[PDB]
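Chain IDs A, B, C, D, E and F follow the sequence of writing; residue 1 opens each chain.
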Amino acid sequence: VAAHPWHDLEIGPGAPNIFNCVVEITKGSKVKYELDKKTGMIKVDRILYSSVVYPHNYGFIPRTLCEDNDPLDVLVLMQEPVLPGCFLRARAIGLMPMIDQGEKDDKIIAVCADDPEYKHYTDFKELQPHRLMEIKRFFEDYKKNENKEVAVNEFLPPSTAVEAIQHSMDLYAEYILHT
Amino acid sequence: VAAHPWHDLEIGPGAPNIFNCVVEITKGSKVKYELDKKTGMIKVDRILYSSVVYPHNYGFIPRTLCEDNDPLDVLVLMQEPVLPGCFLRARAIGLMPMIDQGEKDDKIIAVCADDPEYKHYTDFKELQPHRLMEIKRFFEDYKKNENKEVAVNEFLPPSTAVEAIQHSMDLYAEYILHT
Amino acid sequence: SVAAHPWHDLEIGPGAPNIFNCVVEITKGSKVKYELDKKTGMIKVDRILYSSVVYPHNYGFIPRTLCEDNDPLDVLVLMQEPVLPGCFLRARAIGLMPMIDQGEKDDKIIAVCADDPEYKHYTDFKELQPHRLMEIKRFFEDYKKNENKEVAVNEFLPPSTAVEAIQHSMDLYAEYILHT
Amino acid sequence: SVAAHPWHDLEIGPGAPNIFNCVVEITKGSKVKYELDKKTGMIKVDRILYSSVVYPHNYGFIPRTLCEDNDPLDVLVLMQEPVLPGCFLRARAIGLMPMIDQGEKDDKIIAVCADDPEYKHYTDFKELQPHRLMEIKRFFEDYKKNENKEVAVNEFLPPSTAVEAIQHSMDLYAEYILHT
Amino acid sequence: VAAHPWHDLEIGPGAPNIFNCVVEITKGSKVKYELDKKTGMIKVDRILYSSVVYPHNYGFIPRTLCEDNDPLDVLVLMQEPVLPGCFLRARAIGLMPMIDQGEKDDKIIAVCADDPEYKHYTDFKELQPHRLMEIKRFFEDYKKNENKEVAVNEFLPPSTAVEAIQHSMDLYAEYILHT
Amino acid sequence: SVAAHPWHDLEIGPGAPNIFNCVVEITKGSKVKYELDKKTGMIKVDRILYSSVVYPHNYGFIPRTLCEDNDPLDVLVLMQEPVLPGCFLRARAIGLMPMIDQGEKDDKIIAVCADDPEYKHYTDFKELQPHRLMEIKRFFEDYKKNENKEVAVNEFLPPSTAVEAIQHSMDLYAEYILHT
């Protein structure tokens, strides 16, 4: 009756537009936590190799799968840091296309649907431009001292983000059948 | 063998007087976490709509049930913040009667039984009066900017608190039988 | 060279009244009500707040301003980061928050930090999320309630009103402090 | 107006010796041993503590006091919240903590913040939980152990003894610093 | 499919030399959390009775058992605090022999294998001497105000630590068979 | 006695240039770029950093030093604990970090706190873990990138080079500030 956060937590009734999101990393963290797929526990993947910190809460969507064999990642904008392992309701407001070490790794940019400040945003264009620059720079830089290259491209609108999410929902459901 | 914190964690040998308490919210937090009953995970219910913070650690008693269909809530006084999802041993020292949006929602005021500073308190009357005022004001105010009203009444002695706990223990055991 | 009294010896700045130096007294998230000690220029604990509330933003005063209550003009400064009490920064007014505290007028400026890349581009409080304004209003209405003190907060007024209030404080300081 | 040396230029306050201004040097929870630099009035890092220990409460000194060790009288201030080094607050003595540090006497006041709603009503250290007193004693016994320095802490003495010690420091300051 | 952190999390392929470590206590904490063996949850065992804090992250090795019937404890040196309940990969660099209330209770001193600063240490002798003194003093003192005595002896080299770990791995496997 | 301007009125210390007083402006882990206001001696917010980066260590300046850019000599101080802006500590140089910021030279000292038991025993930057040096270099290369400002950081130079740079700043201060 205790849930594995990727398999057992539901994506939520309003998916793909509104979805449960499991936080892995807190805003301001230098610790890169990640879900351990096997156990469903949080593990330290690494300490970041630069004096950088995550600009926002970061995690993944339960019952999603991508071509890299992991759930779909999400950056969640909100007033407050959230603890790793806790889940929240998020609305997608953009897609951030990236290439990490030659491999495609697009990520959702979302807001917390239960944050009174942020829940009213629907589109990444409504954010201050500096914010977007800060996010882009973070992803370009956070693995630089590991001699890894991350290319970050122009963000794409919510309708693209939501298609990405629906596609990962499909890929997950297709993986669950075989098992 | 991994526990759901409401169903699988025992209430403890000394219940109802002394009980295990699962912390949901840390002292000083603006994040209102709560137990997700289905999964047993911690979720963000909301960010508080006012510039207020929880005055003390806050959570629930495992294997308890109230008329609102949730476990019985507890405010736990102690020297240190405790992380959401962690449990501790608590002694009830009072009952705080409230009405939230017309619905009865009484809460226990407790101390941590393993805090050397606080474990020796047996009654809410032993606390400084200002503390009680601060607690009362918090519950009156924390949902005000959501246009919700919470009436908070005079606190009741430990013997009342312990009856409330025993009653929730009964209501839980009665719910578990049907299933 | 001389170490500065932050009220008297810190300049208000070239862009005033529009953009001005601001001395932080209280950090965002604080339950400690620090204030300028006018005699020494040190920061003092006035009180610990009597409720489980915290300052929603950094808060301080404008140097070389005076109000009828004998104090510099108060400012709430929105920006990404907490700032330490006693440090100063450059701020731009985006509104005025009219209040009455224990029957006395006590208007406060709402501003943004002019050197924060995120917030320096705001010019008007109406550009902020509505919730933000509600949180700020509620704070000032609630923060002295458990001291049985009443604060009424009225609708916020535009930047041109803010700027006029700042200019007036500047004149009252010159009249009462600097020139006699 | 003049910016203040916090030892010399900050007044001890109208209620002294009972209630007095206190300058915080070290914040509750800190492993950094800050101290007043007597020459400049700035705060300096004296050392990082040599053990995994932290100050149990805010700690500082009383302005315009002097002890035989050539320093102001030290004070441990109990209250709800951490206070920043360099800020001052109003405190009430509730006891005296007699100690010997490397063979020299070094009594310290134990006090509460007079403007903290929770703690301002305490008048005597015996009103605190026994554990609190044990933690404080252990801290002072342990905090220099890894520097091979010995501190013996004796049983705490009542407020009337505290107040007498404060009055004496006030007199020694007037004698040695103010009047010559 | 959700893991009990002692039973269900693997010790890791490189054990005993490199092992998964479940953090119980964060660097800087006055809260002594510990694993609840029954549930696999984190619980508050006590608030420390002195004004002391853990000098480093602290936890236990999954699928290990000692003569005191608990998993083997580990102090993990790294740049950053880690949250209770999260696991990480650690390399043993020493054994710290202790006697707690007359009972033998040796503990591993390790580094995080994924911390770029610390992963390159192989031996406790490579640490500044003051660090070792600080650690030793912490264990000698942290239970003093509870009138408990902890004797801490000279640290022993990595090869001893690794034998201790292998032995606890054996004791665990021998306990698992009966069940 | 006089309250001190931290650049002018704080002594560099008896052990200089080897060991020197250092005034912290920015705390380890901070995204706020504080700096000394040379006119007042107060700490001011220069900017909030334009990237999601943080200072890797405590950072400040040496009192009674001058560089061609009209500012005291900058210092990065390694130690166990964050230190508050405006406080001073004793530091030992272990290297020099040569940089060019927007085409202008801007060498900075790398040092350790002389009163931190862990770090006071280091004498040379080569004794630090290689990763530590890479993190520091990357910080200075990256921290102004989103302001479209370029900083090139070159290989670090030994303590004897650091010490010479400090001595030179001391002489330039005496020449330009103290003696005229």
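In this text, a residue touches a chain if its C-beta (ideal position, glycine included) is under 8 Å from a C-beta of that chain, and two chains touch if they have at least 3 such contacts.
To keep track of the chains, here are their UniProt names: C, D, F = inorganic diphosphatase.
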>> Count the C-beta contact pairs for A-E and for E-F, then tell me which is higher.
In response: A-E
> Which whole number of Å gives the spacing of the CA centres of subunit A and subunit B?
Replying inline: 32
>> Distance between subunit B and subunit F based on Cα centroids, please, to the nearest Å.
In response: 49
> Going by the touch rule set out above, which residues of subunit D reach two or more other chains?
Replying inline: 2-4, 6, 9, 31, 50, 84, 86, 117-118, 131, 135, 146
>> Run through the chains and report each pair that touches.
In response: A-B, A-C, A-E, A-F, B-C, B-D, B-E, C-D, C-F, D-E, D-F, E-F
> Once bound in the complex, which stretches of subunit C touch subunit B?
Replying inline: 31, 50-56, 131, 134-136, 138-139, 142, 145-146
> Where on subunit B is subunit A touching in the complex?
Replying inline: 2-4, 7-8, 30-31, 33, 36, 38-47, 49, 83-85, 145
>> Under the definition above, what is the set of subunit A residues touching subunit C in their complex?
In response: 116-117, 120, 128, 130-131, 134
>> Show me the residue ranges of subunit B that touch subunit E in the complex, using the header's touch definition.
In response: 1-3, 5, 8-10, 20, 78-83, 85-89, 112, 114-117
